[PDB]
Amino acid sequence: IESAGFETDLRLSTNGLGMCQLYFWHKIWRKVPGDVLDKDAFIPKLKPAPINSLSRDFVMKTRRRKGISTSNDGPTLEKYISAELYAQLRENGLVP
Amino acid sequence: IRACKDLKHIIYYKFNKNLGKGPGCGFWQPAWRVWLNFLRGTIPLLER
Amino acid sequence: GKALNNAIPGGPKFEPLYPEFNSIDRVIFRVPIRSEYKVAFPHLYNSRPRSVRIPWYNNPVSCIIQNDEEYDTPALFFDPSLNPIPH
Amino acid sequence: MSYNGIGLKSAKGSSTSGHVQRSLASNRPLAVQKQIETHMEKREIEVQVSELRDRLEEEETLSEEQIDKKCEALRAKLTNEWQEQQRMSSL
Amino acid sequence: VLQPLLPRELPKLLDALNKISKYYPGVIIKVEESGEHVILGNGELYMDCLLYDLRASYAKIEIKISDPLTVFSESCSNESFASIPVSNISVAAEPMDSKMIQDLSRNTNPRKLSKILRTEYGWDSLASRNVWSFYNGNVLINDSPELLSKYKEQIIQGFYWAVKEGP
Amino acid sequence: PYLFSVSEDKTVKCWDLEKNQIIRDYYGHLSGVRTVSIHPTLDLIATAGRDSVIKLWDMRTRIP
RNA sequence: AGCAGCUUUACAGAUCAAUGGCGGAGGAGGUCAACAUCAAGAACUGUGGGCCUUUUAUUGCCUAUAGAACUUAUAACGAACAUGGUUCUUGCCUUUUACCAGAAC
Ligand SMILES: O=P(O)(O)O[C@H]1[C@H](OP(=O)(O)O)[C@@H](OP(=O)(O)O)[C@H](OP(=O)(O)O)[C@@H](OP(=O)(O)O)[C@H]1OP(=O)(O)O
């Protein structure tokens, strides 16, 4: 997600004395910084989101792209479990 | 005319690098080419 | 650049050749799409790349070692710039 | 021609040079956890039975029925010990 | 993500995408549930080449495209806090061990498999026997066996559906 | 693949039907042109109008 | 290098009828000229055979064979680079010329 135009920046910064190859034959999957459930993460409308907001930003933008969300209506366990049980879980400090 | 002014700018700043202001740049070949190419197209127009 | 009405640094400028989706609430902003990217990969970084001509990708990095500098330095010499061959 | 989306389409017709400058001014253990703990305790008994099964099968000495009998016997023994421990802890 | 500039031209795009899917082996083209088309490629040059082929040779229609995106994946960093059942069958999950993730990413009988799991990964005796399936880097574990074996196939199918479109 | 049109504006025009654009203009009528006829076997067009004369134009050179 | 074979444009000796082989009966230039040809199914002609067209004159295709100068793949005679016309859309505008600057032909 951070590789867009990387090659062009490299080639321009080095005045043609540098070249690069980006590949994914080693399937490295890494934890995106921040938390997915941090519904209060700050997200700039136009500038790149802060490090700790990435997991939330990527989730929300994906949901809106797919039409899963109308907004801050992100994922919660309450969508699948019964409402009265989630009401308990939120008071127990598991998930608000 | 604009092309010649532009050529003079690039020529003079190449030519004058350690010489400063004043007459003396005689590298007329590029502007001369500009006027020869002007004549190439002016010829049929003036003939008519 | 002319077809895309995009002017890269030091490049020429021209009249424009031509006069729910991608809304900011649905776009992941990570890196600004530079104008240089729009000419580097004109089909990927533009939605309507009309009249675009795909460019040459790249040439192998140049390694031409320079000479004619010291009157008696030979044609073949291990220039200071080269890594040694330490095996 | 715009650069990074900023400038005019052209300076012609704008009455200006079109020169662009970057602005320097902008800058109670929930019942479900107890259920998982109880499941893990009963699972340890079943794990012991399965390990015994693995040992007997790898030794290829006993029929599948004799192995099933030894596993049921070990299961009954360990389940009785667990029920006694739960009764004692609850007591 | 892409869609045609003019909706009237959507069938031309479909035909062109089929050609692309055939001429570009490594490309993955899928129609999302929202109706927008997703193209997955190896990199910016790969996409630039296939988009040129679409606009210039196969589709010959104008196509709107998104800024570059990436394929994310969903996972867990800790064990499930509770054995919550569901209705409309409780399931739990744990972060898979790094070693097995790597070997499965490189694609590397029930008794043999149980030996592999017990010796290199240290899984317990039951886990090493009750593994029902391995799918897209995930594992399903069954831990009366006859009571459960009636619907093993349908349970596996549900797991296969879940692992390709997470919560 | 040509269309010939004549108008009260004294002009006679040839339109290339592959482009829907004017490609040839025939100048010479003193006043409004009322009629045009294309020769059946020659690359020639006949036009006439208020100036009381018929002009026969070679299509290619646009010469009357 | 010496020895051996093949080959023969040369020199010497021998031979010198015929036949065969080999070679031959202007060169370099010109800010000279004429004529032809130079942007296309990557896209060339001829000889030979077949089919079609053609109707006494030759065209097109398939097949066999011989030759394909120059020009061209980050495409083009020109490692260079002017102008005009028509149409459209713009600019400055006060009407035309003369002009702004993008497109198409
Ligand atoms: O007006 P300036 O900014 O001072 O530039 C001048 C000017 O050139 P331009 O106005 O065209 O840029 C002079 O040209 P003219 O005024 O006479 O037309 C030119 O002198 P020339 O007559 O030889 O062209 C002179 O050149 P020099 O460097 O020799 O003084 C050059 O000065 P700079 O470009 O160096 O500033």
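Only heavy atoms go into these numbers, but all of them, side chains included; no hydrogens, no water, no symmetry mates. A note on names: the letters A, B, ... follow the listed sequences, proteins ahead of strands, and every chain is numbered from 1.
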query: For RNA chain G, what residues of residues 6-14 of chain A have any heavy atom nearer than 4.0 Å?
result: none
Should [N] form a Watson-Crick or G-U wobble pair with both distances under 3.5 Å, which nucleotide is its partner?
{"N": "G/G48", "result": "G/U63"}
{"N": "G/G29", "result": "none"}
{"N": "G/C105", "result": "G/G85"}

statement: Between the CZ atom in A/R65 and the OG atom in E/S66, the distance rounded to the nearest 0.5 Å is 5.5 Å
- prompt: Would you call G/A66 and G/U45 a Watson-Crick or G-U wobble pair if both distances must be under 3.5 Å?
  reply: yes
message: Between G/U97 and G/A25, do both key distances fall under 3.5 Å for a Watson-Crick or G-U wobble pair?
response: no
Centre-to-centre below 5.5 angstrom and planes less than 30 degrees apart, is that true for the six-membered base rings of [N] and [M]?
{"N": "G/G46", "M": "G/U47", "value": "yes"}
{"N": "G/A82", "M": "G/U83", "value": "yes"}
{"N": "G/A40", "M": "G/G41", "value": "no"}

- prompt: Mind checking which nucleotides bracket the chain C contacts on RNA chain G, 5' to 3', with an atom under 4.0 Å from a heavy atom?
  reply: G/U74 to G/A103
Residue F/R34 excluded, over 12 heavy atoms near CZ under 6.0 Å: no
Rounded [atom1] spacing from [N] to [M] in Å:
{"N": "G/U96", "M": "G/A104", "atom1": "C1'", "result": "26 Å"}
{"N": "G/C52", "M": "G/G46", "atom1": "P", "result": "22 Å"}
{"N": "G/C99", "M": "G/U94", "atom1": "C1'", "result": "15 Å"}
{"N": "G/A69", "M": "G/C100", "atom1": "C1'", "result": "48 Å"}
{"N": "G/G67", "M": "G/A80", "atom1": "P", "result": "38 Å"}
{"N": "G/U97", "M": "G/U86", "atom1": "P", "result": "10 Å"}
{"N": "G/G48", "M": "G/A10", "atom1": "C1'", "result": "46 Å"}
{"N": "G/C11", "M": "G/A25", "atom1": "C1'", "result": "25 Å"}

Assign [X] to base, sugar-phosphate, or nothing according to its heavy-atom contacts below 4.0 angstrom with the strands shown.
{"X": "C/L17", "value": "sugar-phosphate"}
{"X": "B/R33", "value": "sugar-phosphate"}
{"X": "C/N5", "value": "nothing"}

North (positive) or south (negative) by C1'-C2'-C3'-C4': which describes [N]?
{"N": "G/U31", "result": "south"}
{"N": "G/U63", "result": "north"}
{"N": "G/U74", "result": "south"}

message: Can you list everything that forms a side chain to side chain contact (heavy atoms under 4.5 Å, CB included) with E/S57? Sequence neighbours excluded, please.
response: E/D53
